[PDB]
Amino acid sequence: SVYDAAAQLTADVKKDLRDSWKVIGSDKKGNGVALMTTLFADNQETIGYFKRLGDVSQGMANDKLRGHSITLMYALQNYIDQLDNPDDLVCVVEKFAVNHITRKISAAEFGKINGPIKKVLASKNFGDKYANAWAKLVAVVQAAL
């Protein structure tokens, strides 16, 4: 359950999330778009879910993709800001899950974002330690799908 998964966010995990986000969240547009393009490159099968975005290969030049990418980063910002209060983190996660459940995005499908996050982190000198911390946060969302 999402409640048990949120309890997996221990002291050090929350700390590593904040330290890495401090850098990653500094450039929401750049890292957000990098995140999306990496997802589409490593998992071409997910492109079907984003038909509305148009030609995703245009990257930054695609206004709809850029708008989506920037917005996506504010969802992560939201998560990070709610780390202090488990009750708030949970209600925010369930709220977020609504539209993804409606699009029929499964926990397994959502989990594909872990690869792109790991690669973006690595490009900023954040190793496995951080990728694993982010995988734990992603697991909270997966628990609600």
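In case it trips you up, residue 1 is the first one in the sequence shown, and so on.
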Original post:
Averaged over C-alpha atoms, is the B-factor higher for 21-29 or for 131-139 in this PDB entry?
Top reply: 21-29
Subject >> 80-88 set against 46-54, stretch whose average Cα temperature factor tops the other in the entry >> reply: 46-54
Original post:
Can you tell me which third, lowest, middle or highest, the CA B-factor of residue 11 falls into for its chain?
Top reply: middle
Original post:
Thinking about Cα B factors across the chain, which third does residue 102 belong to?
Top reply: highest
**OP:** Name the third of the chain's ranked CA B-factors that contains residue 67, choosing lowest, middle or highest.
**Re:** lowest
**OP:** Could you look up the Cα B-factor of residue 61 in the entry and say which third of the chain it sits in: lowest, middle or highest?
**Re:** highest
**OP:** Could you say whether, by C-alpha temperature factor, residue 41 belongs to the lowest, middle or highest third of its chain?
**Re:** highest
